[PDB]
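>>> Pasting the sequence and an experimental structure:
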Amino acid sequence: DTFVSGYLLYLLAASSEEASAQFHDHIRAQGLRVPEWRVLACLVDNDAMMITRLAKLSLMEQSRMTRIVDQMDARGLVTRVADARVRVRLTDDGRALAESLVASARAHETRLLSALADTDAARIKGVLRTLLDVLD
Amino acid sequence: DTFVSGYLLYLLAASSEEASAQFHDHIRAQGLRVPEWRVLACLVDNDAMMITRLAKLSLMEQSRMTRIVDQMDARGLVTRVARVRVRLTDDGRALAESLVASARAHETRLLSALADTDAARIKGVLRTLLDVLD
């Protein structure tokens, strides 16, 4: 067949797009942007994060990430942790919202993993885990 | 560990981003933009192609794609086949050949590094995931 159709980078990028599409539809409906949800997703377990780590987890440039975090701050979702390497945490409202979104994310993920269970892709998660490990 | 740690969409997005970042730097060097590279990639193996299909394969919204293709045209990399179908010019082709060669070299190093691992069949896994998602 053709180059693109079998190219690893294409297959990765298309997958991530198509797999994310439905959940991103949901975020959009909630009036939220994808980067905003990712910040929420990162902060749900952790108590506080440096904007620089938030950027790396969210796959964004530092400054774009901070424009976003500032907006969430203004809205009351997120706050700066006081100090004497700044860190950022969910507010209560932030934490409520993150929690209900992470719930949806998980259910949507389970829907998909189920659909994959019979197939070749059943262990997609370890596979990708392996990939990132190698890519390090 | 944490939620994001094991969350499939993160695992997909981060993989894709990390696998690409390697190659996406070379592209930057040859003085290209990611969507231009993608157009060259699509057109290396095909004679003509619709802008709709180009956009599809490149994960681009169609009008952004059409702007970009049209600028490539102005720069002499791509031309319309005399119904709108785009093909590479000789120059575009020399450039595609060159970048796709790099792509296939990077790809080989990656897949080679995966051959000892669970991830050895990654391409098949992904093409299955894609087939389910349709």
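Received the coordinates, thanks. Numbering: from 1, shown residues only, chains lettered A, B, ... in the order given.
>>> which ones are touching residue A:4?
Residues in contact with residue A:4 (Cβ atoms under 8 Å, 6 or more residues apart in numbering or on different chains) are A:10, B:38, B:41-42, B:45, B:57. The way it works is simple: take the backbone N, C-alpha and C, and place the C-beta from them, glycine included.
>>> What is the distance between the biggest helix by length in chain A and the centre of its chain?
Criterion DSSP state H: the longest helix present in chain A is helix A:92-117. Centroid separation between helix A:92-117 and its chain, computed with Cα atoms, centre = their mean, to the nearest Å, is 11 Å.
>>> can I get the CA coordinates of whichever helix or strand comes after that helix in CSV?
Per DSSP states H and E, the first helix or strand lying C-terminal to helix A:92-117 is helix A:124-134. Provided in CSV are the C-alpha atoms of helix A:124-134 (Å, rounded to 0.1, in the frame of the first residue of the first chain):
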residue,chain,number,x,y,z
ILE,A,124,-2.8,-1.2,23.8
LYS,A,125,-2.0,0.3,27.2
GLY,A,126,1.1,-1.8,28.0
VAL,A,127,2.2,-1.4,24.4
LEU,A,128,2.1,2.4,24.7
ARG,A,129,3.7,2.2,28.1
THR,A,130,6.5,0.2,26.5
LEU,A,131,6.8,2.7,23.7
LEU,A,132,7.2,5.7,26.0
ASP,A,133,9.7,3.8,28.1
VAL,A,134,11.8,3.2,25.0
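>>> I'd like to know how many residues surround residue A:26.
14 (other Cβ atoms under 10 Å in any protein chain shown).
>>> Kindly report the same for the one 5 residues further on.
A count of neighbours around residue A:31, defined by other Cβ under 10 Å, yields 7.
>>> How about the secondary structure of it?
coil (DSSP: H, G, I helix; E, B strand; the rest coil).
>>> just to revisit the earlier point, which other helices and strands does the longest helix of chain A contact?
Under the contact criterion of 3 or more Cβ pairs under 8 Å, 6 or more residues apart in numbering or on different chains; DSSP states H and E, helix A:92-117 touches helix A:8-29, helix A:34-43, helix A:124-134, helix B:8-29, helix B:122-132.
>>> How much space separates the residue most central in space within chain A from chain B?
Centroid-nearest residue in chain A, with Cα atoms, centre = their mean: residue A:38, separated by 3.8 Å. From residue A:38 over to chain B the distance is 8 Å, taken as Cβ to the nearest Cβ, to the nearest Å.
>>> how many other residues sit next to the residue lying closest to that residue once chain neighbours are set aside?
Among residues not flanking residue A:38 along the chain, residue A:58 sits closest, at 4.1 Å (Cβ to Cβ, 6 or more residues apart in numbering or on different chains). As a burial measure, residue A:58 scores 24 neighbours (other Cβ under 10 Å).
>>> wait, residue A:58 sits on residue A:40?
No: shown here, residue A:58 and residue A:40 do not form a contact pair, counting by Cβ atoms under 8 Å, at 10.2 Å.
>>> returning to what we had before: which pair in the contacts of residue A:4 has the greatest spatial separation?
B:38 and B:45 (13.1 Å; Cβ to Cβ).
>>> And the longest helix of chain A, what's buried?
A:94, A:97-98, A:101-102, A:105, A:108-109, A:112, A:116 (16 or more other Cβ atoms under 10 Å in any protein chain shown).
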